[PDB]
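Shown next, in structure tokens, is the structure this report addresses.
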Amino acid sequence: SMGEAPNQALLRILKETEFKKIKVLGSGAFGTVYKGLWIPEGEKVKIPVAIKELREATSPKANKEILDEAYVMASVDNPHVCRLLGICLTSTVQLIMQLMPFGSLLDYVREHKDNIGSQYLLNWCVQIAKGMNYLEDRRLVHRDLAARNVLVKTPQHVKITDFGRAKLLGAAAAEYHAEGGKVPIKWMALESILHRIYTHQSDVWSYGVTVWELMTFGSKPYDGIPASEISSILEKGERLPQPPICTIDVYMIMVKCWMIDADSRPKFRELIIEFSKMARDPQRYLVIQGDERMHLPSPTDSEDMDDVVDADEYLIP
Ligand SMILES: COC1CCN(c2nccc(Nc3cc4n(C(C)C)c(C)cn4n3)n2)CC1
Ligand SMILES: [Cl-]
Ligand SMILES: [Cl-]
Ligand SMILES: [Cl-]
Ligand SMILES: [Cl-]
């Protein structure tokens, strides 16, 4: 027998005493994300982390789901994908992840709109396409790509997250079912809404919507339309409108991601190519008032911090 290659990823189990929670970054019914610092055993290193604790969500189903997330996050290794650093098996389990201090890309474009230039937008499109192409190479279909699920390490460096709907293409044929729900309808390809089919090319659709969110500075897709209508809207041939800043060049690429025929949508590798050409001449592809004059940061705050290392530079041997 041989059908798929062995996943030789390492799951690191960390002690409670190696790390400290400093502030809360957010909470839902999934638990609590804390901003923290991880200091590995014997290493003269301080790594800023996000610690996602289940928060006493002692459902055995929720424990299974968050360990499924942990499985995928421990298995990925790419500059544009969030990796898991380790787990801690306290009473409520804790996932230890990299701190992405500027938050989600969605909230970033909403907050910083008047200071984001075309170079940033087009580079973010390249980076998400690189991270999605990596997931495709690993045979992973993400199933929840959206600007909320892209995080910002620096304004110059984004990564995809949220692996709690992700499925391996090659996982028992059952790609006609509501794995993790069937709920992000406004980002979903039509075949996923109607049939529960999911593919790399259905993530291309969601990529198109994600780009549309970036180019509209965080506007809600199909705002005011209930999710019940979306399928019929798409079957009748309507799509999201051309964002004001977008040339027909950029918008036609979005439109191509929303073709009914999945195989006529672009591949992630081609989206990398196309957005990279556009990123060499940004003002030709997005028209933004003030573009010539924009300035986003690169460093951070941080309080004695001499041995701080970012997780991307702390490579496990
Ligand atoms: C929904 O449950 C989790 C939210 C956080 N998520 C995740 N993955 C990898 C790294 C990572 N790092 C991070 C997340 C955040 N936030 C928000 C967005 C909470 C702020 C303000 C700073 N950081 N740093 N987060 C995974 C899913
Ligand atoms: Cl980079
Ligand atoms: Cl709009
Ligand atoms: Cl225009
Ligand atoms: Cl193309």
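Residue numbers start at 1 in each chain; chains themselves are named A, B, ... in the order of the structure tokens; ligands are numbered from 1 in the order shown.
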Discussion item. Please identify all protein, DNA and RNA residues within 12 Å of ligand 5, counting only C-alpha atoms and all ligand atoms, and report them as an MDAnalysis selection string.
Written reply: chainID A and resid 204 249:257 259 263:275 277
Since we have the selection now, will you write its residues out, keeping N, CA, C and O atoms, as a compact mmCIF listing (two decimals), in the first residue's frame?
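part25.txt was written with the following content:
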# COMPACT_ATOMS: atom_id res chain seq x y z
N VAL A 204 -9.56 29.53 -4.82
CA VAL A 204 -9.40 30.63 -5.76
C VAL A 204 -10.57 31.62 -5.76
O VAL A 204 -10.36 32.83 -5.71
N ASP A 249 -7.77 45.74 -15.33
CA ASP A 249 -6.73 44.71 -15.19
C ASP A 249 -6.84 43.89 -13.92
O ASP A 249 -6.85 42.66 -13.95
N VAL A 250 -6.97 44.61 -12.81
CA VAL A 250 -7.09 43.94 -11.53
C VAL A 250 -8.47 43.31 -11.39
O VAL A 250 -8.59 42.16 -10.94
N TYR A 251 -9.50 44.05 -11.80
CA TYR A 251 -10.85 43.55 -11.64
C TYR A 251 -11.17 42.32 -12.48
O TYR A 251 -11.83 41.40 -12.01
N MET A 252 -10.64 42.27 -13.70
CA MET A 252 -10.79 41.11 -14.55
C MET A 252 -10.18 39.84 -13.93
O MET A 252 -10.72 38.74 -14.10
N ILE A 253 -9.10 39.99 -13.17
CA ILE A 253 -8.53 38.86 -12.44
C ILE A 253 -9.47 38.37 -11.34
O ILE A 253 -9.67 37.16 -11.20
N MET A 254 -10.09 39.31 -10.61
CA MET A 254 -11.13 38.94 -9.65
C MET A 254 -12.29 38.19 -10.28
O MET A 254 -12.65 37.10 -9.86
N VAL A 255 -12.82 38.78 -11.35
CA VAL A 255 -13.89 38.18 -12.15
C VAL A 255 -13.57 36.78 -12.66
O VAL A 255 -14.40 35.87 -12.55
N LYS A 256 -12.35 36.58 -13.15
CA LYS A 256 -11.88 35.25 -13.52
C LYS A 256 -11.85 34.24 -12.37
O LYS A 256 -12.07 33.05 -12.59
N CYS A 257 -11.62 34.69 -11.14
CA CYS A 257 -11.72 33.81 -9.97
C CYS A 257 -13.15 33.40 -9.64
O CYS A 257 -13.37 32.47 -8.86
N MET A 259 -15.53 32.61 -12.02
CA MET A 259 -16.13 31.84 -13.10
C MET A 259 -16.87 30.62 -12.56
O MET A 259 -16.42 29.99 -11.60
N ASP A 263 -12.43 25.10 -13.52
CA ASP A 263 -11.19 24.93 -14.28
C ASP A 263 -10.86 26.09 -15.19
O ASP A 263 -9.74 26.17 -15.71
N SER A 264 -11.80 27.00 -15.38
CA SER A 264 -11.50 28.24 -16.08
C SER A 264 -11.04 29.34 -15.12
O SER A 264 -10.64 30.42 -15.56
N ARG A 265 -11.08 29.07 -13.81
CA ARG A 265 -10.48 30.01 -12.87
C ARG A 265 -8.96 29.90 -12.94
O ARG A 265 -8.45 28.82 -13.25
N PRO A 266 -8.22 30.97 -12.64
CA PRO A 266 -6.77 30.91 -12.60
C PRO A 266 -6.27 29.97 -11.52
O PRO A 266 -6.97 29.67 -10.55
N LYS A 267 -5.07 29.47 -11.73
CA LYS A 267 -4.41 28.73 -10.68
C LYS A 267 -3.63 29.71 -9.81
O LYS A 267 -3.14 30.73 -10.30
N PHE A 268 -3.48 29.37 -8.54
CA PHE A 268 -2.65 30.14 -7.61
C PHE A 268 -1.27 30.55 -8.12
O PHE A 268 -0.87 31.70 -7.97
N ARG A 269 -0.60 29.64 -8.82
CA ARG A 269 0.70 29.99 -9.39
C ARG A 269 0.65 31.13 -10.41
O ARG A 269 1.63 31.87 -10.58
N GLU A 270 -0.48 31.25 -11.09
CA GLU A 270 -0.66 32.26 -12.12
C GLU A 270 -1.06 33.59 -11.50
O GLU A 270 -0.60 34.63 -11.94
N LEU A 271 -1.83 33.53 -10.42
CA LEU A 271 -2.11 34.70 -9.59
C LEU A 271 -0.85 35.33 -9.00
O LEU A 271 -0.70 36.55 -9.01
N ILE A 272 0.10 34.49 -8.56
CA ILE A 272 1.42 34.98 -8.16
C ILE A 272 2.09 35.76 -9.28
O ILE A 272 2.54 36.88 -9.07
N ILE A 273 2.14 35.15 -10.46
CA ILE A 273 2.72 35.78 -11.64
C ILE A 273 2.07 37.12 -11.99
O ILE A 273 2.74 38.16 -12.06
N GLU A 274 0.76 37.10 -12.14
CA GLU A 274 0.02 38.28 -12.55
C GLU A 274 0.10 39.43 -11.55
O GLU A 274 0.44 40.56 -11.93
N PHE A 275 -0.12 39.15 -10.27
CA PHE A 275 0.03 40.21 -9.27
C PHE A 275 1.47 40.68 -9.07
O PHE A 275 1.70 41.85 -8.74
N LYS A 277 3.72 40.98 -11.60
CA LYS A 277 3.95 41.92 -12.69
C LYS A 277 3.36 43.29 -12.37
O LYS A 277 4.01 44.32 -12.54
Worksheet entry | For residue 67 of chain A: contacts at 10 Å, only C-alpha atoms, fewer than 2 positions along chain excluded, given as a PyMOL selection string | chain A and resi 61-65+69-73+87+93-95+164
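In terms of minimum interatomic distance to ligand 2, A:79 ranks closest within A:48, A:79, A:60, A:36, counting only C-alpha atoms and all ligand atoms.
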Between chain A and ligand 3, at 12 Å or less, what are the per-residue closest atom pairs and their distances in Å? Count only C-alpha atoms and all ligand atoms, order by chain and rising residue number, and return it as CSV.
residue,atom,partner,partner_atom_place_in_ligand_line,distance
A:212,CA,ligand 3,1 (Cl),8.7
A:213,CA,ligand 3,1 (Cl),8.9
A:214,CA,ligand 3,1 (Cl),10.7
A:215,CA,ligand 3,1 (Cl),8.6
A:216,CA,ligand 3,1 (Cl),5.6
A:217,CA,ligand 3,1 (Cl),8.7
A:218,CA,ligand 3,1 (Cl),9.2
A:219,CA,ligand 3,1 (Cl),6.5
A:220,CA,ligand 3,1 (Cl),8.5
A:221,CA,ligand 3,1 (Cl),8.5
A:222,CA,ligand 3,1 (Cl),9.5
A:223,CA,ligand 3,1 (Cl),9.4
A:240,CA,ligand 3,1 (Cl),8.5
A:241,CA,ligand 3,1 (Cl),6.6
A:242,CA,ligand 3,1 (Cl),7.3
A:243,CA,ligand 3,1 (Cl),5.3
A:244,CA,ligand 3,1 (Cl),6.9
A:245,CA,ligand 3,1 (Cl),9.6
A:246,CA,ligand 3,1 (Cl),10.6
Next, write the just-selected residues to a file, as a compact mmCIF listing (two decimals), in the first residue's frame, keeping C-alpha atoms as the atom set.
# COMPACT_ATOMS: atom_id res chain seq x y z
CA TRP A 212 -12.09 42.44 -3.29
CA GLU A 213 -12.10 43.01 0.49
CA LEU A 214 -8.57 44.43 0.31
CA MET A 215 -9.30 46.68 -2.66
CA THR A 216 -12.46 48.05 -1.06
CA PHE A 217 -10.59 48.69 2.21
CA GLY A 218 -12.53 46.10 4.14
CA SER A 219 -16.05 46.44 2.79
CA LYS A 220 -18.47 43.58 3.43
CA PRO A 221 -19.15 41.44 0.31
CA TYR A 222 -22.77 41.47 -0.82
CA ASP A 223 -23.67 43.87 1.98
CA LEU A 240 -19.29 41.79 -6.74
CA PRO A 241 -18.80 45.32 -8.23
CA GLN A 242 -15.54 46.81 -9.54
CA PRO A 243 -13.83 48.55 -6.57
CA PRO A 244 -13.20 52.28 -7.32
CA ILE A 245 -9.42 51.95 -7.09
CA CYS A 246 -9.26 48.98 -9.47
What are the closest atom pairs, with distances in Å to one decimal, for each residue of chain A lying within 9 Å of ligand 2, using only C-alpha atoms and all ligand atoms, rows by chain and rising residue number, as CSV?
residue,atom,partner,partner_atom_place_in_ligand_line,distance
A:79,CA,ligand 2,1 (Cl),7.2
A:80,CA,ligand 2,1 (Cl),8.2
A:127,CA,ligand 2,1 (Cl),8.0
A:156,CA,ligand 2,1 (Cl),6.6
A:157,CA,ligand 2,1 (Cl),5.2
A:158,CA,ligand 2,1 (Cl),8.0
Practice prompt. Return as a ChimeraX atom specification the full set of residues in segment 104-265 of chain A whose backbone-based DSSP assignment is strand (DSSP E).
Written response: /A:140-141,150-154,157-160,167-168
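Picture a line from atom CA of residue 39 of chain A to atom CA of residue 18 of chain A; it runs 5.3 Å.
Taking atom CA of residue 315 of chain A and atom 27 (C, counted along the ligand's line) of ligand 1 as endpoints, the distance between them is 21.8 Å.
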Practice prompt. Could you check how far atom CA of residue 190 of chain A sits from atom CA of residue 230 of chain A, in Å to one decimal?
Written response: 8.6 Å
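The neighbours of residue 197 of chain A here are the residues that come within 12 Å of it, using only C-alpha atoms and leaving out any residue fewer than 5 positions away in the same chain; they are residues 141, 143, 167, 169, 173, 174, 175, 176, 177, 178, 179, 182, 188, 189, 190, 191, 192, 202, 203 and 262 of chain A.
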Once you have the residues from the selection above, write them out as a PDB file, in the first residue's frame, restricted to N, CA and C atoms.
ATOM      1  N   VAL A 141      -6.791  21.947   1.030  1.00  0.00           N
ATOM      2  CA  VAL A 141      -7.833  22.871   0.641  1.00  0.00           C
ATOM      3  C   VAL A 141      -8.218  23.588   1.923  1.00  0.00           C
ATOM      4  N   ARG A 143     -10.610  26.234   2.657  1.00  0.00           N
ATOM      5  CA  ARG A 143     -12.057  26.230   2.901  1.00  0.00           C
ATOM      6  C   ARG A 143     -12.616  27.422   3.666  1.00  0.00           C
ATOM      7  N   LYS A 167      -8.968  20.844   4.867  1.00  0.00           N
ATOM      8  CA  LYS A 167      -9.051  19.427   4.573  1.00  0.00           C
ATOM      9  C   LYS A 167      -7.988  19.074   3.554  1.00  0.00           C
ATOM     10  N   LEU A 169      -6.893  17.207   0.366  1.00  0.00           N
ATOM     11  CA  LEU A 169      -7.469  16.688  -0.859  1.00  0.00           C
ATOM     12  C   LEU A 169      -6.850  15.315  -1.098  1.00  0.00           C
ATOM     13  N   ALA A 173     -12.492  10.740   0.041  1.00  0.00           N
ATOM     14  CA  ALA A 173     -13.464  11.029  -1.016  1.00  0.00           C
ATOM     15  C   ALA A 173     -14.623  11.938  -0.626  1.00  0.00           C
ATOM     16  N   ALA A 174     -14.744  12.243   0.661  1.00  0.00           N
ATOM     17  CA  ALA A 174     -15.958  12.834   1.219  1.00  0.00           C
ATOM     18  C   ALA A 174     -16.026  14.350   1.051  1.00  0.00           C
ATOM     19  N   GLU A 175     -15.752  14.787  -0.167  1.00  0.00           N
ATOM     20  CA  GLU A 175     -15.768  16.191  -0.544  1.00  0.00           C
ATOM     21  C   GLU A 175     -17.105  16.521  -1.203  1.00  0.00           C
ATOM     22  N   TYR A 176     -18.149  16.139  -0.484  1.00  0.00           N
ATOM     23  CA  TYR A 176     -19.530  16.424  -0.840  1.00  0.00           C
ATOM     24  C   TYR A 176     -20.319  16.597   0.452  1.00  0.00           C
ATOM     25  N   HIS A 177     -19.640  17.108   1.478  1.00  0.00           N
ATOM     26  CA  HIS A 177     -20.184  17.138   2.824  1.00  0.00           C
ATOM     27  C   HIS A 177     -19.751  18.379   3.572  1.00  0.00           C
ATOM     28  N   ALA A 178     -20.488  18.679   4.632  1.00  0.00           N
ATOM     29  CA  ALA A 178     -20.340  19.938   5.350  1.00  0.00           C
ATOM     30  C   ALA A 178     -19.318  19.820   6.477  1.00  0.00           C
ATOM     31  N   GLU A 179     -18.079  19.553   6.083  1.00  0.00           N
ATOM     32  CA  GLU A 179     -16.973  19.393   7.020  1.00  0.00           C
ATOM     33  C   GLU A 179     -16.660  20.713   7.719  1.00  0.00           C
ATOM     34  N   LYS A 182     -21.046  24.637   6.514  1.00  0.00           N
ATOM     35  CA  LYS A 182     -21.186  25.048   5.124  1.00  0.00           C
ATOM     36  C   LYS A 182     -21.601  26.514   5.124  1.00  0.00           C
ATOM     37  N   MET A 188     -17.659  31.676  -0.631  1.00  0.00           N
ATOM     38  CA  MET A 188     -17.610  30.320  -1.151  1.00  0.00           C
ATOM     39  C   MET A 188     -17.858  30.310  -2.641  1.00  0.00           C
ATOM     40  N   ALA A 189     -17.212  29.358  -3.298  1.00  0.00           N
ATOM     41  CA  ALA A 189     -17.555  29.075  -4.675  1.00  0.00           C
ATOM     42  C   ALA A 189     -18.946  28.480  -4.788  1.00  0.00           C
ATOM     43  N   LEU A 190     -19.582  28.706  -5.932  1.00  0.00           N
ATOM     44  CA  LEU A 190     -20.969  28.284  -6.121  1.00  0.00           C
ATOM     45  C   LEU A 190     -21.180  26.784  -5.943  1.00  0.00           C
ATOM     46  N   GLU A 191     -20.244  25.996  -6.459  1.00  0.00           N
ATOM     47  CA  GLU A 191     -20.244  24.557  -6.239  1.00  0.00           C
ATOM     48  C   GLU A 191     -20.129  24.124  -4.778  1.00  0.00           C
ATOM     49  N   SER A 192     -19.556  24.969  -3.935  1.00  0.00           N
ATOM     50  CA  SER A 192     -19.472  24.667  -2.516  1.00  0.00           C
ATOM     51  C   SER A 192     -20.792  24.998  -1.830  1.00  0.00           C
ATOM     52  N   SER A 202     -11.852  26.129  -5.613  1.00  0.00           N
ATOM     53  CA  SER A 202     -12.870  26.822  -4.827  1.00  0.00           C
ATOM     54  C   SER A 202     -12.241  27.809  -3.850  1.00  0.00           C
ATOM     55  N   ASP A 203     -10.988  27.562  -3.449  1.00  0.00           N
ATOM     56  CA  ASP A 203     -10.239  28.556  -2.681  1.00  0.00           C
ATOM     57  C   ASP A 203      -9.825  29.746  -3.535  1.00  0.00           C
ATOM     58  N   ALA A 262     -14.975  25.943 -12.587  1.00  0.00           N
ATOM     59  CA  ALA A 262     -13.805  25.922 -11.718  1.00  0.00           C
ATOM     60  C   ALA A 262     -12.453  25.815 -12.399  1.00  0.00           C
TER      61      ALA A 262
END
Worksheet item: Residues within 10 Å of ligand 1 (only C-alpha atoms and all ligand atoms), as a PyMOL selection string?
Response: chain A and resi 24-36+48-54+66+69-70+73+81-85+95-107+148-153+159-164
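The protein and nucleic acid residues lying at most 9 Å from segment 41-47 of chain A are residues 15, 18, 36, 37, 38, 98, 99, 305, 306, 307, 308, 309, 310, 311 and 314 of chain A, with only C-alpha atoms considered and sequence neighbours fewer than 3 positions away removed.
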Pick out the residues sitting within 9 Å of residue 300 of chain A, and hand them over as a tab-separated table (two decimals) with C-alpha atoms, in the first residue's frame; count only C-alpha atoms, and ignore anything fewer than 2 positions along from it in its own chain.
chain	number	residue	atom	x	y	z
A	101	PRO	CA	1.13	41.95	16.29
A	154	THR	CA	4.50	43.55	9.66
A	297	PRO	CA	5.52	51.29	9.65
A	298	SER	CA	7.91	48.39	9.97
A	302	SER	CA	8.25	46.24	23.00
